[PDB]
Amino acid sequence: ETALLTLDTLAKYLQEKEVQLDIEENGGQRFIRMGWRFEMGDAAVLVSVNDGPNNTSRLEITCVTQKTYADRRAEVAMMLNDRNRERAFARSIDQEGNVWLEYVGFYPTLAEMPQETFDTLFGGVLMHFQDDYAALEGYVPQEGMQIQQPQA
């Protein structure tokens, strides 16, 4: 009804789920920074809302592994390549070997952004990232991977 796409609206949604976060600023652009501890390793999660021309804004969510895989770079690139076609989101491995998963959505500026939609999107990003992270780490627990993992 009244919640629009702004960094403060998304921070509130994250706070409401008791996610610990800080709001930072580089250049002119503010962003939300979060740490996240997955079963198989730690990660950074970033969120920003960037305005553009033509009254359109970009919601960007980014996950990056703390762990690095520089010694398996070609192998990882091909694994991520196949997921980039079959699934949502954009994965890559950088020169240092950290693995990234990114989301970019384009919205009319100050579009309605309901809590349910953001939670679905955000949860979706984390679940896809966790799946890739589990594959890199060869993590395949007997009980199966928990769909909902604590930031802890």
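So that there is no doubt, residue numbering starts at 1 and follows the sequence shown.
The mean Cα B-factor in the deposited entry runs higher for 27-35 than for the other of 113-121 and 27-35. Between 99-107 and 43-51, it is 43-51 that carries the larger average Cα temperature factor according to the deposited entry. When the modelled residues of the chain are ordered by their C-alpha B factor, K12 lands in the middle third. Ranked within its chain, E137 lands in the middle third, by CA B factor from the PDB record.
Placement of the Cα temperature factor of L80 within the chain: lowest third of the modelled residues, per the deposited record. Sort the modelled residues of the chain by CA B factor and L126 lands in the middle third.
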